[PDB]
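Heads up, structure10.txt below (compact mmCIF, N, CA and C atoms):
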# COMPACT_ATOMS: atom_id res chain seq x y z
N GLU Z 1 -6.18 -9.92 -54.47
CA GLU Z 1 -4.96 -9.45 -53.83
C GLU Z 1 -3.96 -8.91 -54.84
N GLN Z 2 -3.66 -9.67 -55.90
CA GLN Z 2 -2.57 -9.30 -56.79
C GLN Z 2 -2.96 -8.14 -57.71
N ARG Z 3 -4.20 -8.13 -58.20
CA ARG Z 3 -4.62 -7.05 -59.09
C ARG Z 3 -4.65 -5.73 -58.35
N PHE Z 4 -5.28 -5.70 -57.17
CA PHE Z 4 -5.27 -4.47 -56.38
C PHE Z 4 -3.87 -4.13 -55.89
N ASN Z 5 -3.00 -5.13 -55.72
CA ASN Z 5 -1.64 -4.85 -55.29
C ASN Z 5 -0.87 -4.11 -56.37
N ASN Z 6 -0.92 -4.60 -57.61
CA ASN Z 6 -0.24 -3.88 -58.68
C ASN Z 6 -0.93 -2.55 -58.99
N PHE Z 7 -2.25 -2.48 -58.82
CA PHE Z 7 -2.94 -1.20 -58.95
C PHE Z 7 -2.45 -0.20 -57.91
N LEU Z 8 -2.29 -0.66 -56.67
CA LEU Z 8 -1.80 0.20 -55.60
C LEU Z 8 -0.38 0.66 -55.88
N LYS Z 9 0.46 -0.25 -56.39
CA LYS Z 9 1.82 0.13 -56.75
C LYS Z 9 1.81 1.20 -57.84
N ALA Z 10 0.98 1.01 -58.86
CA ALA Z 10 0.90 1.97 -59.95
C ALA Z 10 0.42 3.33 -59.45
N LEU Z 11 -0.62 3.34 -58.61
CA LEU Z 11 -1.17 4.62 -58.17
C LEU Z 11 -0.26 5.32 -57.17
N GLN Z 12 0.46 4.56 -56.33
CA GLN Z 12 1.40 5.21 -55.42
C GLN Z 12 2.61 5.75 -56.17
N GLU Z 13 3.05 5.04 -57.22
CA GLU Z 13 4.09 5.59 -58.07
C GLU Z 13 3.61 6.86 -58.77
N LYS Z 14 2.35 6.86 -59.20
CA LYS Z 14 1.78 8.05 -59.84
C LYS Z 14 1.68 9.21 -58.87
N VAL Z 15 1.24 8.96 -57.64
CA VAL Z 15 1.13 10.05 -56.68
C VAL Z 15 2.50 10.51 -56.22
N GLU Z 16 3.52 9.67 -56.39
CA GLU Z 16 4.88 10.02 -56.01
C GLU Z 16 5.56 10.99 -56.97
N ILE Z 17 4.83 11.61 -57.90
CA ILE Z 17 5.43 12.63 -58.75
C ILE Z 17 4.75 13.99 -58.62
N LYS Z 18 3.53 14.07 -58.09
CA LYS Z 18 2.86 15.36 -57.93
C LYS Z 18 3.53 16.14 -56.81
N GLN Z 19 4.32 17.14 -57.19
CA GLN Z 19 4.95 18.05 -56.24
C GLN Z 19 4.05 19.27 -56.08
N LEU Z 20 3.29 19.31 -54.99
CA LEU Z 20 2.34 20.39 -54.75
C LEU Z 20 2.54 21.00 -53.37
N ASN Z 21 1.61 21.85 -52.94
CA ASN Z 21 1.68 22.41 -51.60
C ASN Z 21 1.59 21.32 -50.53
N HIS Z 22 0.93 20.21 -50.86
CA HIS Z 22 0.86 19.05 -49.98
C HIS Z 22 0.74 17.81 -50.86
N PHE Z 23 1.51 16.78 -50.54
CA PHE Z 23 1.57 15.59 -51.39
C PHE Z 23 1.87 14.39 -50.50
N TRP Z 24 2.34 13.31 -51.12
CA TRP Z 24 2.59 12.02 -50.49
C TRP Z 24 3.72 12.04 -49.46
N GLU Z 25 4.29 13.20 -49.11
CA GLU Z 25 5.17 13.27 -47.95
C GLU Z 25 4.47 12.77 -46.70
N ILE Z 26 3.18 13.09 -46.56
CA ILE Z 26 2.38 12.51 -45.49
C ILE Z 26 2.24 11.01 -45.70
N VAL Z 27 2.10 10.57 -46.95
CA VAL Z 27 2.09 9.14 -47.23
C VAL Z 27 3.46 8.54 -46.98
N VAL Z 28 4.53 9.31 -47.19
CA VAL Z 28 5.87 8.82 -46.88
C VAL Z 28 6.01 8.56 -45.39
N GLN Z 29 5.62 9.53 -44.56
CA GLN Z 29 5.66 9.33 -43.12
C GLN Z 29 4.57 8.37 -42.65
N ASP Z 30 3.63 8.01 -43.52
CA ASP Z 30 2.68 6.95 -43.24
C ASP Z 30 3.28 5.56 -43.41
N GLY Z 31 4.59 5.47 -43.64
CA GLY Z 31 5.28 4.20 -43.74
C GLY Z 31 5.33 3.43 -42.44
N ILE Z 32 4.70 3.98 -41.40
CA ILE Z 32 4.52 3.26 -40.15
C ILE Z 32 3.74 1.98 -40.37
N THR Z 33 2.87 1.95 -41.38
CA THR Z 33 2.14 0.74 -41.74
C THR Z 33 2.35 0.41 -43.21
N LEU Z 34 1.59 -0.56 -43.72
CA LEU Z 34 1.80 -1.13 -45.06
C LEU Z 34 1.58 -0.06 -46.13
N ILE Z 35 2.66 0.40 -46.75
CA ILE Z 35 2.60 1.39 -47.81
C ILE Z 35 3.07 0.83 -49.15
N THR Z 36 3.26 -0.48 -49.25
CA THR Z 36 3.70 -1.10 -50.49
C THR Z 36 2.93 -2.40 -50.68
N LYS Z 37 2.76 -2.80 -51.94
CA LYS Z 37 1.92 -3.94 -52.27
C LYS Z 37 2.49 -5.24 -51.71
N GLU Z 38 1.59 -6.20 -51.48
CA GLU Z 38 1.98 -7.50 -50.94
C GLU Z 38 0.89 -8.50 -51.33
N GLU Z 39 1.23 -9.44 -52.22
CA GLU Z 39 0.23 -10.40 -52.67
C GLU Z 39 0.28 -11.70 -51.87
N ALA Z 40 1.36 -12.47 -52.01
CA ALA Z 40 1.56 -13.61 -51.12
C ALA Z 40 2.99 -13.69 -50.62
N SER Z 41 3.95 -13.48 -51.52
CA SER Z 41 5.37 -13.68 -51.25
C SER Z 41 6.15 -13.23 -52.49
N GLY Z 42 7.46 -13.46 -52.47
CA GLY Z 42 8.29 -13.29 -53.65
C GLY Z 42 8.45 -11.86 -54.11
N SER Z 43 7.82 -11.53 -55.24
CA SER Z 43 7.85 -10.15 -55.72
C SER Z 43 7.18 -9.20 -54.74
N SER Z 44 6.29 -9.72 -53.90
CA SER Z 44 5.60 -8.89 -52.91
C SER Z 44 6.58 -8.33 -51.88
N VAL Z 45 7.29 -9.22 -51.18
CA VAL Z 45 8.23 -8.77 -50.15
C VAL Z 45 9.40 -8.02 -50.78
N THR Z 46 9.83 -8.44 -51.97
CA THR Z 46 10.91 -7.74 -52.65
C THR Z 46 10.51 -6.30 -52.99
N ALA Z 47 9.30 -6.12 -53.51
CA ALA Z 47 8.81 -4.77 -53.79
C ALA Z 47 8.62 -3.98 -52.50
N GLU Z 48 8.19 -4.64 -51.43
CA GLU Z 48 8.03 -3.97 -50.15
C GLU Z 48 9.36 -3.42 -49.65
N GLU Z 49 10.41 -4.24 -49.71
CA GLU Z 49 11.73 -3.79 -49.28
C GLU Z 49 12.30 -2.73 -50.22
N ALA Z 50 12.02 -2.85 -51.52
CA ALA Z 50 12.53 -1.87 -52.48
C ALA Z 50 11.87 -0.51 -52.31
N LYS Z 51 10.56 -0.49 -52.04
CA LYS Z 51 9.82 0.75 -51.91
C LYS Z 51 9.58 1.15 -50.46
N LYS Z 52 10.27 0.51 -49.52
CA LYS Z 52 10.18 0.94 -48.13
C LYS Z 52 10.69 2.37 -47.96
N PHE Z 53 11.78 2.71 -48.63
CA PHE Z 53 12.32 4.06 -48.57
C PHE Z 53 11.75 4.94 -49.68

What does the file become when written as structure tokens?
Amino acid sequence: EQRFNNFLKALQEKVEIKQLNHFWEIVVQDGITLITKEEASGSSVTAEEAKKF
């Protein structure tokens, strides 16, 4: 859970800089579901609320 969670955070941060003809804007509007890492609690929910927007 935690290793893939921080990996997901790293890769979503990385994809959040490629400004192309199509990019993570679709992933932005994909915020209808879990788009931020969550391991058990604590830093998980805090990072979720921080990266919700």

Requested in this report: Go ahead and compute the interatomic distance for atom CA of residue Z:53 and atom CA of residue Z:19, in Å to one decimal.
Outcome: 17.6 Å

Report task. Considering all atoms listed in the file, return as a ChimeraX atom specification whatever protein or nucleic-acid residues lie within 8 Å of residue Z:38, sequence-local ones (same chain, fewer than 4 positions apart) excluded. Result -> /Z:1-2,4-6,9,43-48

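Atom N of residue Z:39 to atom N of residue Z:3 spans 8.2 Å [interatomic distance, one decimal].
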
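Between atom N of residue Z:52 and atom CA of residue Z:31 there is a distance of 8.5 Å.
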
Report task. Extract the full set of helix (DSSP H, G or I) residues from chain Z according to DSSP on the backbone, and format it as number ranges by chain. Result -> Z: 2-15, 25-32, 43-50
